[PDB]
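Chemist: Going letter by letter, the sequence shown gives residues 7 to 229 in mature numbering (1 follows the signal peptide of the UniProt record, and there is no 0). Yeah, the Cβ is synthetic: ideal placement off N, Cα and C, and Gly gets one too. I'd like to ask you about the structure that follows.
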Amino acid sequence: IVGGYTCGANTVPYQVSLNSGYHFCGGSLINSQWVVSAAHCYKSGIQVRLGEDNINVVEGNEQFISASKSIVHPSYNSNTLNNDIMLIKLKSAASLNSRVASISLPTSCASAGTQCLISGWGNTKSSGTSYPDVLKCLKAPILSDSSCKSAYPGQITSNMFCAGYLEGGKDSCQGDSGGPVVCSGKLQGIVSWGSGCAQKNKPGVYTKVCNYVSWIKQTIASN
Ligand SMILES: [Ca+2]
């Protein structure tokens, strides 16, 4: 996250870290046994880390649970990033409380102008690299589809939205991928892609979760 603030320990209780020996992506806990992330975060051998603030220090609220199954969306296209969404089933159910909690799926899509919370452990610089150990947060609005398509001609599908600031300076970045965009207490987006981070006229692009609720519910019900 570039241009954000330190969230505070366990203030984003649905935020997960995906770990394969090191943090490589975020995700969101949607019930006691399932995490949603980006398809471009797929790899084998994922451990899901819940209850994290500092990802390099054991602070006492962590739960580390291995993945038993990963399901990339059937229509994911790695070249265009269309349908950039993946479900991960945990080997055992997480223990839910105030510091580890699920986030609700949306019943309707959010409109442009809605303010959302984006969070992650990704790079905090737009030029150069500095990775934080504690969770960073950013409040950002959903942008109109016309502004999003004007920023990224020929690249925005109906399964994507832009959020952030056309003036630059505040954005998600490398290592935030797969993490949550939460608006009015519902998961509306997944950190997906962008051209660089926090550049002028290049806001972040996010997977539009409301288009996937039927697929998520049907998949969880049968796996
Ligand atoms: Ca920790």
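Please state whether DSSP places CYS189 in a helix, a strand or coil.
Modeler: Working through the sequence shown from its first residue, we reach residue 189 at position 183. Correct three-state label for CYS189: strand.
Chemist: Between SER26, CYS168, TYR11, which lies nearest to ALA116 when the distance is taken from Cα to Cα?
Modeler: For the purposes of this step, residue 116 is taken as residue 110 along the sequence shown, with counting starting at 1. The shortest Cα separation from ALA116 among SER26, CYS168, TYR11 belongs to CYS168.
Chemist: Out of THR12, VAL78, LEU87, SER26, which one is the CA nearest neighbour of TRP221?
Modeler: Working through the sequence shown from its first residue, we reach residue 221 at position 215. Considering only alpha carbons, the answer is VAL78.
Chemist: In angstroms with no decimal places, state the Cα-to-Cα distance between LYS155 and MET166.
Modeler: Here residue 155 refers to the residue found at position 149 of the sequence shown. Here residue 166 refers to the residue found at position 160 of the sequence shown. When rounded, the distance between both Cα atoms is 10 Å.
Chemist: Using a threshold of 8 Å, is the CB atom of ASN62 nearer than that to any non-hydrogen atom of ligand 1?
Modeler: Here residue 62 corresponds to residue number 56 of the sequence shown, with the count starting at 1. Because some heavy atom of ligand 1 lies under 8 Å away, the Cβ of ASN62 counts as near it: yes.
Chemist: With DSSP as the reference, please indicate the residues paired to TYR212 in a beta bridge.
Modeler: As a working note, residue 212 is residue 206 in the sequence shown. Bridge partners of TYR212: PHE167, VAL197.
Chemist: Do you know how far the Cα of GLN194 is from the Cα of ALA118?
Modeler: For the purposes of this step, residue 118 is taken as the residue at position 112 of the sequence shown. For the purposes of this step, residue 194 is taken as the residue at position 188 of the sequence shown. Looking at the two C-alpha atoms, the distance is approximately 12 Å.
Chemist: When you measure from the CB of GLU173 to every non-hydrogen atom of ligand 2, does any distance come out below 8 Å?
Modeler: With respect to ligand 2, the structure shown offers nothing to examine, as its ligands consist of ligand 1.
Chemist: Alpha carbons only, please: which of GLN69, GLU65, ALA45, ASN62 is nearest the one belonging to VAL54?
Modeler: As a working note, residue 54 is residue 48 in the sequence shown. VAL54 has its Cα closest to that of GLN69, out of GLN69, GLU65, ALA45, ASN62.
Chemist: Taking buried to mean at least 16 other C-beta atoms within 10 Å of its own C-beta, is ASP139 buried or exposed?
Modeler: Stepping through the sequence shown from its first residue, residue 139 is reached at position 133. Per the 10 Å Cβ criterion, exposed.
Chemist: Excluding sequence positions up to five away, which residues of its chain have a Cβ less than 8 Å from the Cβ of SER108?
Modeler: Counting from one through the sequence shown, the residue named residue 108 turns up at place 102. For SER108, where only same-chain residues beyond five positions count, the Cβ hits under 8 Å are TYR20, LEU35, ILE36, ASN37, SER38, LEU102.
Chemist: According to the neighbour-count rule (16 or more other Cβ atoms, all chains shown, within 10 Å of its Cβ), is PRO159 buried or exposed?
Modeler: Residue numbering aside, residue 159 sits at position 153 when the sequence shown is read from its first letter. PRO159 should be labelled exposed.
Chemist: Rounded to whole angstroms, what's the CA-CA distance from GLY174 to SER110? Just pull it up for me.
Modeler: Taking the sequence shown and counting its residues from 1, one reaches residue 174 at position 168. Taking the sequence shown and counting its residues from 1, one reaches residue 110 at position 104. Using only the alpha carbons, I get a separation of about 30 Å.
Chemist: Kindly indicate the opening and closing residues of the beta strand (DSSP E) around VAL219.
Modeler: Counting from one through the sequence shown, the residue named residue 219 turns up at place 213. Run containing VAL219: none in the beta strand (DSSP E); it sits in the alpha helix (DSSP H), 219 to 228.
Chemist: Mapping DSSP to helix, strand and coil, what is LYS155?
Modeler: Here the question's residue 155 lines up with position 149 in the sequence shown. DSSP places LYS155 in helix when its eight states are reduced to three.
Chemist: Runs of 3 residues minimum, wholly inside the region 33 to 100: which ones carry the beta strand (DSSP E) assignment?
Modeler: Counting whole runs of 3 or more residues, the region 33 to 100 contains the beta strand (DSSP E) stretches 40 to 43, 53 to 56, 69 to 78, 92 to 96.
Chemist: Under a three-way DSSP split, which group does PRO19 fall into?
Modeler: Translated into the one-based positions of the sequence shown, residue 19 becomes position 13. In the structure shown, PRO19 sits in coil (DSSP, three-state: anything other than H, G, I, E or B).
Chemist: Consult DSSP for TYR11 and reduce its assignment to one of helix, strand or coil.
Modeler: Working through the sequence shown from its first residue, we reach residue 11 at position 5. DSSP places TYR11 in strand when its eight states are reduced to three.
Chemist: Ligand 1 and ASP59: does any heavy atom of the ligand fall closer than 8 Å to the residue's C-beta?
Modeler: The residue labelled residue 59 in the question sits at position 53 within the sequence shown. Yes, Cβ of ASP59 sits closer than 8 Å to a heavy atom of ligand 1.
Chemist: Compute the distance between the beta-carbons of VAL215 and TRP199, then report whether it is under 9 Å.
Modeler: Here residue 215 corresponds to residue number 209 of the sequence shown, with the count starting at 1. Here residue 199 corresponds to residue number 193 of the sequence shown, with the count starting at 1. The answer is no: Cβ separation not under 9 Å.
Chemist: Applying the criterion that 16 or more other CB atoms from any shown protein chain within 10 Å of the CB defines a buried residue, is residue 232 buried or exposed?
Modeler: Because the chain here runs from 7 to 229, residue 232 falls outside it and cannot be looked at.
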